[PDB]
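Take a look at this single chain, the form deposited in one PDB entry, given in structure tokens.
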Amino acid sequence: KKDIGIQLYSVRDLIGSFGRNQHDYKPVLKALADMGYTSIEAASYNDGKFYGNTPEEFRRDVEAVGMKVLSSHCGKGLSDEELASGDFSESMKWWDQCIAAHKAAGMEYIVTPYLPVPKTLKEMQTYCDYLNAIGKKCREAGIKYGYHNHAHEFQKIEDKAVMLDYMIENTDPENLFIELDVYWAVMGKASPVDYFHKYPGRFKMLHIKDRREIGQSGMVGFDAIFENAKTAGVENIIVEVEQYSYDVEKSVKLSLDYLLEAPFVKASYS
């Protein structure tokens, strides 16, 4: 028995994602709960609602099956006009709605799942200003704002700064943490542990992800990752499975069991 979360993207084939393919998510929530997942990270926020439901109903539904309503992936990128002007004030109204909806749902974190590699350091800097501004507003609402990587953030901008490094270095720790996707970090030739040591404390959440089932490909050193979890600053871990050797239910269950069986995964990080 360990505190292990689940990215609801993992079951998007059953409940949908990012505003589409919707089903009644409640039976799946129950199965995930019964498997022994203890928290959820959502993957379908839109216009004040979660999977089409009010924050109150979503919170109730998640609470009904005994899981923590922990985190949520959602975001709003800057238009080319906002990037060129450096003025992203119109975007902030969307965040007032988003932050109030997350607070009503009980959420502890909000994580932006994706930003494009910008063309220039100046653009990156504007993104940093935006991330700081979002994270500050989140912080005032009692929420921790984070960023989730794929592999593209390990590229360089203007052949100077690695994008993820720039973001980390040019955001305030209390405004932005990194929800590090260890699979995608490895895919971008990055050492998760080396990142942990370069930016201690900034990795408040991990996406525990692999090619398919967690711990099956040989491509991720979860032992080392979890051994350096204190340096990283890990508070919570979120299993993500996007591709499957089996039916989805079994893939996500085997994924949890790997962590439950792993001696290097502690019962709680919080």
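We call the rigid core whatever largest set of C-alpha positions still superposes within 1.5 Å between the two forms. Residue numbers here begin at 1 and follow the sequence given. Shifts are known only where both forms have a C-alpha.
Heads up, the form deposited in another entry isn't pictured, but that's what we're talking about next.
With the core held fixed between this form and the one not shown, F18 has its Cα displaced by at least 2 Å.
In that other deposited form, the separation between the C-alpha atoms of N149 and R20 grows by 3 Å or more relative to the displayed form. Relative to the shown form, the CA atoms of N21 and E57 are brought 3 Å or more closer together in that other deposited form. Listed alone, the shifted run between this form and the one not shown is 16 to 23, counting only residues present in both forms whose C-alphas move 2 Å or more over at least three consecutive positions once the core is aligned.
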